[PDB]
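One structure is given here, and the rest of the page talks about it.
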Protein chains: 2
Amino acid sequence: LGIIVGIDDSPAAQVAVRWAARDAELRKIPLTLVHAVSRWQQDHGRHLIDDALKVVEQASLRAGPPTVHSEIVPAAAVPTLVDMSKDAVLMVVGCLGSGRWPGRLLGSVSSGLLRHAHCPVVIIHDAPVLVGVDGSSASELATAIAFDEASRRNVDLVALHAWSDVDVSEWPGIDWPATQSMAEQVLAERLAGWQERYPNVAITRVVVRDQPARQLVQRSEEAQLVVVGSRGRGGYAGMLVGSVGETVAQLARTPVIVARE
Amino acid sequence: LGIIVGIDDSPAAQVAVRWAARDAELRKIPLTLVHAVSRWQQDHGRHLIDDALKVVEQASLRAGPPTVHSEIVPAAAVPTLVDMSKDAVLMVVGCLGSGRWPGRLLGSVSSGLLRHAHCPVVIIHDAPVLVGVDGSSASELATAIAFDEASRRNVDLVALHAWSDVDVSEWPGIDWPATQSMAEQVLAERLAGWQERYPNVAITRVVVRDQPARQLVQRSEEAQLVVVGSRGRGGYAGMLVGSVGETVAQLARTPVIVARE
Ligand SMILES: *O=[P@@]([O])(O[C][C]1O[C](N2[C]=NC3=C2N=[C]N=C3[N])[C]([O])[C]1[O])OP([O])(=O)OP([O])([O])=O
Ligand SMILES: *O=[P@@]([O])(O[C][C]1O[C](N2[C]=NC3=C2N=[C]N=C3[N])[C]([O])[C]1[O])OP([O])(=O)OP([O])([O])=O
Ligand SMILES: Nc1ncnc2c1ncn2[C@@H]1O[C@H](COP(=O)(O)OP(=O)(O)OP(=O)(O)O)[C@@H](O)[C@H]1O
Ligand SMILES: Nc1ncnc2c1ncn2[C@@H]1O[C@H](COP(=O)(O)OP(=O)(O)OP(=O)(O)O)[C@@H](O)[C@H]1O
């Protein structure tokens, strides 16, 4: 319960705590910390949680999570976490763990959770909340979380819907300016059902023609949280994560929640 | 049949042909070319295959594939390919297609095939054959392909087995030099069953302590083909591709076959 947060010897995971700390503060929920594994082992794990907690003390301001759990568990990280997610509000995990290197940008753990966790997965790296919408049901999650979030974080929001999932458009003379304004209407429509629910949060909406990732990504540089579902309109048979989710998760410069289950 | 090769408007895929051309020459098999999709559409696809063929002419030397197939198919790339793989020797696909951008290093298609294709997937980017072994059954494929390959390509090979799948080792005073020589023996053992089968191919074997990807990768700089299975010893429940496969595929500087099915 509360917001779990896998920890290891990486600076990405260090930082994963600060952001789990404050999110379990802004809601009155337990900040559980889990370090799985396969003794220097046990003794190492001890130090990790000692430092992880040392981060939590620094991180939070006024309250300090109603409970601060942590547990070293002798088991395969993924199976452990995936299972523990079932009874968790959120799954916080660094993008890259110890055993990372240059070209890489995900890992056995972060990768697997985005593909199997039973709760929105948050991958953090090292004021408004940007949201990637296509009304594709898996994002009507994501938009939910995005509002909920921007309430407790007493701020603004930014919706963003790309018209085409396939790139180029360089198709024939389709009237972009006109199909655009009508996508802007349609988007405005399905954020009205929220806009009420949540006054005090300014809904800014943006419609683009083309690539929905290189833009969510990018424009993440200007927000403090990006949110996008684990799946969407399109996608094939045994897929576990949207190609647009994963990519935004591994490339954005801001925490990226990825709604699931 | 033969060696299929998904094509699109990307230079990675351009190059994918040259390497499909010559591999379908070195064996007497058909060089089928497939461009799926969802008209400028049909007319665009036509140009792709015109150019794709123009590459095949340039690429091959002496013979020119016993058949050169190609087919534009109105369907989701992945489903199409995955299905067509079933009756194919190999699946050649560029790493990154048109609609790529900086931080990215796989795509809906290449990603999905490494996770669902029914034949060894080859991802190419833009003299010996390096092989990533752990005796984990999925690599006794890979080693098979690696030899088969280095025969027809009348050259050498290089086996490589990392002792530990988990990184650091910085565990207690385990005798590395000694566990090493005994991993070198054990590796030498299970390449003896091949060494015969395939004289004229020099089996060079390397045992390392640690990270099996940052090394397969890297040392790919010096070989002309890297080979590694779709899975291995370890890995969790509903996994579709090894974390070591994928990573070597997306970061090596040489074609990377990834045995499967
Ligand atoms: O296309 P996906 O990867 O997307 C899943 C999530 O990505 C976000 N998203 C999807 N499509 C758009 C978008 N944001 C803005 N604009 C557009 N057009 C959304 O939040 C989804 O939750 O998932 P798929 O489509 O199942 O997998 P692919 O596209 O890779 O086949
Ligand atoms: O560990 P994997 O990703 O590996 C699958 C393939 O990778 C190669 N390989 C695996 N382990 C080694 C290796 N090469 C050299 N040395 C070592 N130690 C091999 O060719 C395999 O085919 O697959 P997993 O283990 O199922 O998934 P992870 O490790 O990510 O949990
Ligand atoms: N054993 C573990 N227990 C709990 N959390 C973990 C564990 N390993 C990693 N994590 C967390 O999950 C995230 C993903 O780390 P991961 O280990 O997948 O990256 P990596 O080490 O670079 O890749 P790999 O481990 O596959 O070599 C990290 O941010 C880390 O905080
Ligand atoms: N519609 C298609 N038909 C056949 N082959 C394709 C098709 N699309 C891509 N390919 C091939 O598969 C490989 C993967 O391309 P992919 O499209 O996945 O990369 P990308 O376009 O950068 O990512 P995405 O398409 O998800 O935005 C490329 O090398 C390309 O040659």
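Chain labels A, B, ... are given in the sequence in which chains occur in the structure tokens; within each chain residues are numbered consecutively from 1, and ligands are likewise numbered from 1 in the order shown.
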
Each chain B residue no farther than 6 Å from ligand 2, nearest pair in Å, only C-alpha atoms and all ligand atoms, as a Markdown table:
```
| residue | atom | partner | partner_atom_place_in_ligand_line | distance |
| --- | --- | --- | --- | --- |
| B:132 | CA | ligand 2 | 14 (N) | 3.5 |
| B:133 | CA | ligand 2 | 14 (N) | 4.4 |
| B:134 | CA | ligand 2 | 17 (C) | 5.0 |
| B:138 | CA | ligand 2 | 22 (O) | 5.2 |
| B:139 | CA | ligand 2 | 22 (O) | 4.3 |
| B:160 | CA | ligand 2 | 15 (C) | 5.6 |
| B:161 | CA | ligand 2 | 16 (N) | 3.8 |
| B:162 | CA | ligand 2 | 16 (N) | 3.8 |
| B:163 | CA | ligand 2 | 18 (N) | 5.4 |
| B:164 | CA | ligand 2 | 18 (N) | 5.7 |
| B:165 | CA | ligand 2 | 18 (N) | 4.9 |
| B:212 | CA | ligand 2 | 16 (N) | 4.6 |
| B:228 | CA | ligand 2 | 20 (O) | 3.5 |
| B:229 | CA | ligand 2 | 22 (O) | 2.9 |
| B:230 | CA | ligand 2 | 22 (O) | 5.3 |
| B:231 | CA | ligand 2 | 5 (C) | 3.9 |
| B:232 | CA | ligand 2 | 26 (O) | 3.8 |
| B:233 | CA | ligand 2 | 25 (O) | 4.7 |
| B:234 | CA | ligand 2 | 25 (O) | 4.1 |
| B:235 | CA | ligand 2 | 31 (O) | 3.3 |
| B:242 | CA | ligand 2 | 3 (O) | 3.1 |
| B:243 | CA | ligand 2 | 30 (O) | 3.3 |
| B:244 | CA | ligand 2 | 3 (O) | 3.1 |
| B:245 | CA | ligand 2 | 3 (O) | 4.7 |
```

Selection above as a file: N, CA and C atoms, as a short mmCIF file (atom, residue, chain, number, x, y, z; two decimals), in the first residue's frame:
```
data_model
loop_
_atom_site.label_atom_id
_atom_site.label_comp_id
_atom_site.auth_asym_id
_atom_site.auth_seq_id
_atom_site.Cartn_x
_atom_site.Cartn_y
_atom_site.Cartn_z
N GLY B 132 26.88 -14.46 -28.23
CA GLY B 132 26.61 -14.33 -26.80
C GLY B 132 26.02 -15.61 -26.25
N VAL B 133 26.83 -16.36 -25.50
CA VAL B 133 26.46 -17.69 -25.03
C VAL B 133 26.33 -17.74 -23.51
N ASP B 134 25.37 -18.54 -23.04
CA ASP B 134 25.25 -18.91 -21.63
C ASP B 134 24.68 -20.32 -21.48
N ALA B 138 18.11 -21.12 -25.40
CA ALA B 138 17.72 -20.11 -26.39
C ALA B 138 18.94 -19.57 -27.14
N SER B 139 20.13 -19.82 -26.59
CA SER B 139 21.39 -19.43 -27.21
C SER B 139 22.03 -20.59 -28.00
N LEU B 160 31.46 -15.71 -26.68
CA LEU B 160 31.64 -14.85 -25.53
C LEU B 160 30.59 -15.16 -24.50
N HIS B 161 31.05 -15.56 -23.33
CA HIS B 161 30.21 -15.89 -22.19
C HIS B 161 30.63 -15.12 -20.98
N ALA B 162 29.73 -14.32 -20.45
CA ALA B 162 30.01 -13.55 -19.26
C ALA B 162 29.65 -14.51 -18.13
N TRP B 163 30.44 -14.52 -17.08
CA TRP B 163 30.18 -15.40 -15.95
C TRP B 163 28.89 -15.06 -15.25
N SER B 164 28.80 -13.83 -14.77
CA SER B 164 27.65 -13.29 -14.04
C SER B 164 26.66 -12.46 -14.86
N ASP B 165 25.37 -12.74 -14.71
CA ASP B 165 24.34 -11.99 -15.42
C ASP B 165 24.04 -10.73 -14.61
N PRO B 212 27.25 -8.64 -19.71
CA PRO B 212 27.28 -9.40 -20.96
C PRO B 212 26.78 -8.62 -22.19
N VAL B 228 22.54 -13.32 -30.71
CA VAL B 228 22.11 -13.63 -29.36
C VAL B 228 20.64 -13.95 -29.30
N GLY B 229 20.29 -14.97 -28.55
CA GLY B 229 18.90 -15.36 -28.42
C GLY B 229 17.88 -14.37 -27.93
N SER B 230 16.61 -14.74 -28.06
CA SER B 230 15.53 -13.89 -27.62
C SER B 230 15.33 -14.03 -26.14
N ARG B 231 15.91 -15.06 -25.55
CA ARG B 231 15.81 -15.23 -24.12
C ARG B 231 16.99 -15.98 -23.55
N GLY B 232 16.96 -16.23 -22.24
CA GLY B 232 18.10 -16.86 -21.58
C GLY B 232 17.81 -17.41 -20.19
N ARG B 233 18.88 -17.65 -19.45
CA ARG B 233 18.77 -18.14 -18.08
C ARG B 233 18.30 -16.93 -17.30
N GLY B 234 17.20 -17.07 -16.59
CA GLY B 234 16.66 -15.96 -15.84
C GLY B 234 15.51 -15.41 -16.66
N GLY B 235 15.08 -14.19 -16.35
CA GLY B 235 13.97 -13.60 -17.06
C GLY B 235 12.75 -13.99 -16.26
N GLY B 242 14.61 -10.89 -24.09
CA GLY B 242 15.61 -10.75 -23.05
C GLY B 242 16.05 -9.31 -22.97
N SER B 243 16.31 -8.85 -21.75
CA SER B 243 16.75 -7.48 -21.54
C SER B 243 18.13 -7.31 -22.16
N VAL B 244 18.87 -8.41 -22.29
CA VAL B 244 20.21 -8.42 -22.87
C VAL B 244 20.13 -8.51 -24.39
N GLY B 245 19.08 -9.13 -24.90
CA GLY B 245 18.92 -9.23 -26.33
C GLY B 245 18.66 -7.81 -26.78
#
```

Which residues form the shell of 7 Å around ligand 4 when you count only C-alpha atoms and all ligand atoms, given as a PyMOL selection string? (chain A and resi 167+243) or (chain B and resi 6-8+10+12-13+16+34-37+76-77+93-100+106-111)

List every residue of range 26-252 of chain B that DSSP, applied to the backbone of this structure, assigns to strand (DSSP E or B), and report them as a ChimeraX atom specification. /B:31,34-36,71-73,90-94,121-124,129-132,157-162,203-208,225-227

Serialized selection, N, CA, C and O atoms, as a CSV table (one decimal), in the first residue's frame:
```
chain,number,residue,atom,x,y,z
B,31,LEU,N,14.4,-13.7,-51.8
B,31,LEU,CA,14.6,-12.4,-51.1
B,31,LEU,C,13.3,-11.6,-51.1
B,31,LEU,O,13.1,-10.6,-51.8
B,34,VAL,N,8.6,-6.9,-47.9
B,34,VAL,CA,7.3,-6.5,-47.6
B,34,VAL,C,7.1,-5.1,-47.0
B,34,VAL,O,7.7,-4.8,-46.0
B,35,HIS,N,6.2,-4.4,-47.6
B,35,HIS,CA,5.8,-3.0,-47.1
B,35,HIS,C,4.4,-3.0,-46.7
B,35,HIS,O,3.5,-3.0,-47.6
B,36,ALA,N,4.1,-3.1,-45.4
B,36,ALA,CA,2.7,-3.1,-44.9
B,36,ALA,C,2.3,-1.6,-44.9
B,36,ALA,O,3.1,-0.7,-45.2
B,71,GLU,N,6.0,-7.4,-51.9
B,71,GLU,CA,4.5,-7.3,-51.8
B,71,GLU,C,4.0,-6.2,-50.9
B,71,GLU,O,4.4,-6.1,-49.7
B,72,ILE,N,3.3,-5.2,-51.4
B,72,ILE,CA,2.7,-4.1,-50.6
B,72,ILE,C,1.5,-4.8,-50.0
B,72,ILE,O,0.7,-5.4,-50.8
B,73,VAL,N,1.2,-4.7,-48.7
B,73,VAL,CA,0.1,-5.3,-48.1
B,73,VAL,C,-0.7,-4.3,-47.2
B,73,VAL,O,-0.1,-3.8,-46.2
B,90,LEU,N,14.5,-15.9,-42.0
B,90,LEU,CA,14.9,-14.8,-41.2
B,90,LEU,C,14.1,-13.6,-41.5
B,90,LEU,O,13.5,-13.4,-42.5
B,91,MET,N,14.0,-12.7,-40.5
B,91,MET,CA,13.3,-11.4,-40.5
B,91,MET,C,14.2,-10.3,-40.4
B,91,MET,O,14.7,-9.9,-39.3
B,92,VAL,N,14.5,-9.6,-41.5
B,92,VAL,CA,15.4,-8.4,-41.5
B,92,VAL,C,14.5,-7.2,-41.4
B,92,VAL,O,13.5,-7.0,-42.1
B,93,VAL,N,14.9,-6.3,-40.5
B,93,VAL,CA,14.2,-5.0,-40.2
B,93,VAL,C,15.2,-4.0,-39.7
B,93,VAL,O,16.1,-4.3,-38.9
B,94,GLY,N,15.1,-2.7,-40.2
B,94,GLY,CA,16.0,-1.7,-39.7
B,94,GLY,C,15.7,-1.4,-38.3
B,94,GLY,O,14.5,-1.7,-37.9
B,121,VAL,N,15.1,-12.7,-35.7
B,121,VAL,CA,14.9,-11.4,-36.1
B,121,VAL,C,16.3,-10.7,-36.3
B,121,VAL,O,17.1,-10.9,-35.4
B,122,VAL,N,16.5,-10.0,-37.4
B,122,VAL,CA,17.8,-9.4,-37.6
B,122,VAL,C,17.5,-7.9,-37.7
B,122,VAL,O,16.7,-7.4,-38.5
B,123,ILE,N,18.2,-7.1,-36.8
B,123,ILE,CA,17.9,-5.7,-36.9
B,123,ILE,C,19.2,-5.1,-37.3
B,123,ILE,O,20.3,-5.4,-36.8
B,124,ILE,N,19.2,-4.3,-38.4
B,124,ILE,CA,20.4,-3.7,-38.9
B,124,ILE,C,20.3,-2.1,-38.7
B,124,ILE,O,19.2,-1.6,-38.6
B,129,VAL,N,32.0,-13.5,-36.6
B,129,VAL,CA,30.7,-13.4,-36.1
B,129,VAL,C,30.7,-13.6,-34.5
B,129,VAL,O,31.1,-14.7,-34.1
B,130,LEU,N,30.4,-12.5,-33.8
B,130,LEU,CA,30.5,-12.6,-32.3
B,130,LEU,C,29.2,-13.3,-31.8
B,130,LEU,O,28.1,-13.0,-32.3
B,131,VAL,N,29.3,-14.1,-30.8
B,131,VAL,CA,28.1,-14.8,-30.2
B,131,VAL,C,28.0,-14.8,-28.7
B,131,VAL,O,29.0,-15.2,-28.0
B,132,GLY,N,26.9,-14.5,-28.2
B,132,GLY,CA,26.6,-14.3,-26.8
B,132,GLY,C,26.0,-15.6,-26.2
B,132,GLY,O,24.9,-15.9,-26.5
B,157,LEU,N,34.9,-17.3,-36.2
B,157,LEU,CA,33.9,-16.9,-35.1
B,157,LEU,C,34.5,-16.5,-33.8
B,157,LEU,O,35.7,-16.8,-33.5
B,158,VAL,N,33.7,-15.9,-32.9
B,158,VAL,CA,34.1,-15.5,-31.6
B,158,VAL,C,33.0,-15.7,-30.6
B,158,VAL,O,32.0,-15.0,-30.6
B,159,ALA,N,33.2,-16.6,-29.7
B,159,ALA,CA,32.2,-16.9,-28.6
B,159,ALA,C,32.5,-16.0,-27.5
B,159,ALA,O,33.6,-15.6,-27.3
B,160,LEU,N,31.5,-15.7,-26.7
B,160,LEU,CA,31.6,-14.8,-25.5
B,160,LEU,C,30.6,-15.2,-24.5
B,160,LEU,O,29.4,-15.0,-24.8
B,161,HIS,N,31.1,-15.6,-23.3
B,161,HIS,CA,30.2,-15.9,-22.2
B,161,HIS,C,30.6,-15.1,-21.0
B,161,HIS,O,31.8,-15.2,-20.5
B,162,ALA,N,29.7,-14.3,-20.4
B,162,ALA,CA,30.0,-13.6,-19.3
B,162,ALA,C,29.7,-14.5,-18.1
B,162,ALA,O,28.7,-15.3,-18.2
B,203,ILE,N,37.3,-21.1,-33.8
B,203,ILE,CA,36.5,-20.8,-32.7
B,203,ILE,C,37.4,-20.1,-31.6
B,203,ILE,O,38.2,-20.7,-31.0
B,204,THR,N,37.1,-18.8,-31.5
B,204,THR,CA,37.9,-18.0,-30.5
B,204,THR,C,36.9,-17.9,-29.3
B,204,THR,O,35.7,-17.6,-29.6
B,205,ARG,N,37.2,-18.1,-28.1
B,205,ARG,CA,36.3,-18.0,-26.9
B,205,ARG,C,36.8,-17.0,-25.9
B,205,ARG,O,38.0,-17.0,-25.6
B,206,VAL,N,35.9,-16.2,-25.3
B,206,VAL,CA,36.2,-15.2,-24.3
B,206,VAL,C,35.3,-15.3,-23.2
B,206,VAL,O,34.0,-15.3,-23.3
B,207,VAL,N,35.8,-15.4,-22.0
B,207,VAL,CA,35.0,-15.4,-20.7
B,207,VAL,C,35.3,-14.1,-20.0
B,207,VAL,O,36.4,-13.7,-19.7
B,208,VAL,N,34.2,-13.4,-19.7
B,208,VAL,CA,34.3,-12.2,-18.9
B,208,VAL,C,33.6,-12.3,-17.5
B,208,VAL,O,32.8,-13.2,-17.3
B,225,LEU,N,28.9,-9.4,-37.5
B,225,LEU,CA,27.6,-10.0,-37.1
B,225,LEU,C,27.6,-10.4,-35.7
B,225,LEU,O,28.5,-11.1,-35.3
B,226,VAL,N,26.6,-10.0,-34.9
B,226,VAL,CA,26.5,-10.4,-33.5
B,226,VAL,C,25.3,-11.3,-33.5
B,226,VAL,O,24.3,-11.0,-34.2
B,227,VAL,N,25.2,-12.3,-32.6
B,227,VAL,CA,24.1,-13.1,-32.5
B,227,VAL,C,23.8,-13.4,-31.1
B,227,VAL,O,24.7,-13.8,-30.4
```

Give me, as a PyMOL selection string, the residues of chain B touching chain A, with the criterion being at most 9 Å (counting only C-alpha atoms). chain B and resi 38-41+76+78-79+98-99+101+103-105+107-108+111-112+115-116+166-168+170-172+211+214+235-239+242-244+247+250-251

Could those residues be written to a file, using N, CA, C and O atoms, as a short mmCIF file (atom, residue, chain, number, x, y, z; two decimals), in the first residue's frame?
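Now in result.cif:
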```cif
data_model
loop_
_atom_site.label_atom_id
_atom_site.label_comp_id
_atom_site.auth_asym_id
_atom_site.auth_seq_id
_atom_site.Cartn_x
_atom_site.Cartn_y
_atom_site.Cartn_z
N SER B 38 -1.19 0.95 -42.89
CA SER B 38 -2.52 1.17 -42.27
C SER B 38 -3.36 -0.09 -42.12
O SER B 38 -4.59 -0.03 -42.12
N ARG B 39 -4.83 6.93 -54.03
CA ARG B 39 -4.04 6.93 -52.81
C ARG B 39 -2.57 7.16 -52.99
O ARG B 39 -1.90 6.55 -53.81
N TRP B 40 -2.10 8.10 -52.18
CA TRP B 40 -0.73 8.48 -52.12
C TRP B 40 -0.05 7.27 -51.49
O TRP B 40 1.10 6.97 -51.79
N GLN B 41 -0.81 6.57 -50.64
CA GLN B 41 -0.37 5.36 -49.95
C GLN B 41 0.22 4.36 -50.95
O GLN B 41 1.43 4.10 -50.95
N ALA B 76 -1.61 -3.71 -40.74
CA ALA B 76 -0.71 -3.28 -39.69
C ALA B 76 0.62 -4.01 -39.86
O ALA B 76 0.67 -5.24 -39.84
N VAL B 78 3.26 -4.83 -38.08
CA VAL B 78 3.55 -5.92 -37.17
C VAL B 78 2.71 -7.17 -37.45
O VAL B 78 3.25 -8.16 -37.90
N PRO B 79 1.39 -7.11 -37.24
CA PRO B 79 0.63 -8.32 -37.50
C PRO B 79 1.00 -9.02 -38.79
O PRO B 79 1.16 -10.24 -38.81
N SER B 98 11.25 5.59 -40.62
CA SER B 98 10.91 6.99 -40.84
C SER B 98 9.95 7.32 -39.72
O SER B 98 8.97 6.61 -39.50
N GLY B 99 10.23 8.39 -39.01
CA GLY B 99 9.41 8.81 -37.87
C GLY B 99 10.22 8.55 -36.61
O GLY B 99 9.68 8.36 -35.52
N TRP B 101 13.76 9.80 -34.33
CA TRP B 101 14.29 11.08 -33.87
C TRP B 101 15.25 10.80 -32.73
O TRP B 101 15.03 9.87 -31.96
N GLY B 103 16.88 10.71 -29.38
CA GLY B 103 16.90 9.70 -28.31
C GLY B 103 16.37 8.29 -28.59
O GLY B 103 16.77 7.35 -27.92
N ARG B 104 15.49 8.14 -29.57
CA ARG B 104 14.90 6.82 -29.89
C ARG B 104 15.91 5.83 -30.40
O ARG B 104 16.89 6.21 -31.05
N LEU B 105 15.68 4.54 -30.16
CA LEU B 105 16.52 3.51 -30.78
C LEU B 105 15.88 2.16 -31.10
O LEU B 105 16.56 1.18 -31.37
N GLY B 107 11.51 0.80 -32.66
CA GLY B 107 10.21 1.30 -33.12
C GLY B 107 9.12 0.25 -33.15
O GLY B 107 9.40 -0.95 -33.20
N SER B 108 7.87 0.71 -33.13
CA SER B 108 6.73 -0.19 -33.10
C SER B 108 6.95 -1.52 -33.82
O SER B 108 6.43 -2.55 -33.41
N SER B 111 10.58 -3.30 -32.56
CA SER B 111 10.31 -3.65 -31.18
C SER B 111 9.44 -4.89 -31.12
O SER B 111 9.81 -5.90 -30.54
N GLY B 112 8.27 -4.79 -31.74
CA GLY B 112 7.29 -5.86 -31.78
C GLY B 112 7.77 -7.16 -32.37
O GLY B 112 7.36 -8.22 -31.92
N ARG B 115 9.78 -9.23 -30.13
CA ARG B 115 8.88 -9.76 -29.11
C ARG B 115 7.80 -10.70 -29.63
O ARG B 115 7.09 -11.30 -28.83
N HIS B 116 7.66 -10.84 -30.94
CA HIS B 116 6.62 -11.73 -31.45
C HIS B 116 6.90 -12.49 -32.75
O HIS B 116 6.15 -13.41 -33.08
N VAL B 166 24.09 -10.84 -13.29
CA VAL B 166 24.01 -9.67 -12.42
C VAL B 166 25.33 -8.93 -12.37
O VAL B 166 26.40 -9.54 -12.43
N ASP B 167 25.26 -7.61 -12.26
CA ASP B 167 26.37 -6.74 -12.63
C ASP B 167 27.60 -7.01 -11.76
O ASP B 167 28.07 -8.15 -11.66
N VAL B 168 28.11 -5.96 -11.12
CA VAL B 168 28.77 -6.09 -9.83
C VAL B 168 28.21 -7.27 -9.04
O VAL B 168 27.20 -7.15 -8.35
N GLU B 170 30.68 -6.72 -7.15
CA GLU B 170 31.70 -6.58 -6.12
C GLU B 170 31.38 -7.36 -4.87
O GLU B 170 31.27 -6.79 -3.79
N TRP B 171 31.27 -8.67 -5.02
CA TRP B 171 30.96 -9.57 -3.91
C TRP B 171 32.26 -9.90 -3.19
O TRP B 171 33.33 -9.48 -3.62
N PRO B 172 32.18 -10.66 -2.10
CA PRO B 172 33.42 -11.01 -1.39
C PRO B 172 34.49 -11.68 -2.25
O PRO B 172 34.24 -12.00 -3.42
N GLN B 211 29.20 -7.61 -17.04
CA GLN B 211 28.11 -7.20 -17.93
C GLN B 211 28.24 -7.82 -19.32
O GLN B 211 29.22 -7.56 -20.03
N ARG B 214 27.19 -4.71 -22.53
CA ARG B 214 28.19 -3.66 -22.77
C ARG B 214 29.47 -4.22 -23.40
O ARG B 214 30.35 -3.46 -23.80
N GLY B 235 15.08 -14.19 -16.35
CA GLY B 235 13.97 -13.60 -17.06
C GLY B 235 12.75 -13.99 -16.26
O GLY B 235 12.73 -15.06 -15.66
N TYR B 236 11.73 -13.15 -16.30
CA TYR B 236 10.50 -13.38 -15.54
C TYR B 236 9.37 -14.06 -16.32
O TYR B 236 9.61 -14.66 -17.35
N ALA B 237 8.15 -13.96 -15.78
CA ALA B 237 6.93 -14.56 -16.33
C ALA B 237 6.55 -14.29 -17.78
O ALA B 237 6.91 -15.06 -18.67
N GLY B 238 5.80 -13.21 -18.01
CA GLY B 238 5.34 -12.88 -19.36
C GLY B 238 6.30 -12.05 -20.18
O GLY B 238 5.87 -11.15 -20.90
N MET B 239 7.58 -12.36 -20.10
CA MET B 239 8.57 -11.61 -20.83
C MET B 239 8.56 -12.10 -22.29
O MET B 239 8.25 -13.25 -22.56
N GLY B 242 14.61 -10.89 -24.09
CA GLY B 242 15.61 -10.75 -23.05
C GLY B 242 16.05 -9.31 -22.97
O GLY B 242 16.13 -8.61 -23.98
N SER B 243 16.31 -8.85 -21.75
CA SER B 243 16.75 -7.48 -21.54
C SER B 243 18.13 -7.31 -22.16
O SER B 243 18.51 -6.19 -22.50
N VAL B 244 18.87 -8.41 -22.29
CA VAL B 244 20.21 -8.42 -22.87
C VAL B 244 20.13 -8.51 -24.39
O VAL B 244 21.02 -8.07 -25.09
N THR B 247 18.71 -4.85 -25.66
CA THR B 247 19.74 -3.85 -25.46
C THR B 247 20.89 -4.00 -26.45
O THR B 247 21.38 -3.00 -26.97
N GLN B 250 19.54 -2.87 -29.89
CA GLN B 250 19.40 -1.42 -30.07
C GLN B 250 20.70 -0.62 -30.01
O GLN B 250 20.72 0.48 -30.54
N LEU B 251 21.76 -1.17 -29.43
CA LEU B 251 23.06 -0.48 -29.31
C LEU B 251 24.27 -0.98 -30.08
O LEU B 251 25.27 -0.26 -30.18
#
```

Got a sec: who's within 6 Å of range 63-68 of chain A, counting only C-alpha atoms, leaving out chain neighbours fewer than 4 positions off, as a list in words?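 The residues that qualify are residues 25, 30, 31 and 32 of chain A.
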
Using the selection just defined, write its residues with N, CA, C and O atoms as a CSV table (one decimal), in the first residue's frame.
```
chain,number,residue,atom,x,y,z
A,25,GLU,N,2.9,12.5,0.5
A,25,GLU,CA,2.8,13.5,1.5
A,25,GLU,C,1.5,14.2,1.0
A,25,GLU,O,0.6,14.3,1.8
A,30,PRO,N,0.9,5.7,2.8
A,30,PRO,CA,2.2,5.2,3.2
A,30,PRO,C,3.2,5.2,2.1
A,30,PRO,O,2.9,4.9,0.9
A,31,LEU,N,4.5,5.6,2.4
A,31,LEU,CA,5.6,5.6,1.5
A,31,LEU,C,6.4,4.3,1.6
A,31,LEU,O,7.5,4.4,2.1
A,32,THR,N,5.9,3.2,1.1
A,32,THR,CA,6.7,2.0,1.1
A,32,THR,C,7.9,2.0,0.1
A,32,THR,O,7.8,2.4,-1.0
```

Please report the interatomic distance between CA of residue 4 in chain B and CA of residue 33 in chain B in Å with one decimal.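 Computing the Euclidean distance for CA of residue 4 in chain B and CA of residue 33 in chain B yields 5.6 Å.
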
Shortest contact to ligand 3, candidates A:174, A:249, A:5, A:256, atoms counted only C-alpha atoms and all ligand atoms, goes to A:5

Within 6 Å of range 54-60 of chain A using only C-alpha atoms, minus same-chain residues under 3 positions, as number ranges by chain: A: 18, 21-22, 51, 64

Among range 13-257 of chain A, which residues does DSSP mark as helix (DSSP H, G or I) when it is run on the backbone? Keep the chain and numbering as in the structure and answer as a PyMOL selection string. chain A and resi 13-26+40-59+77-85+108-116+138-152+176-190+192-195+213-216+218-220+243-251
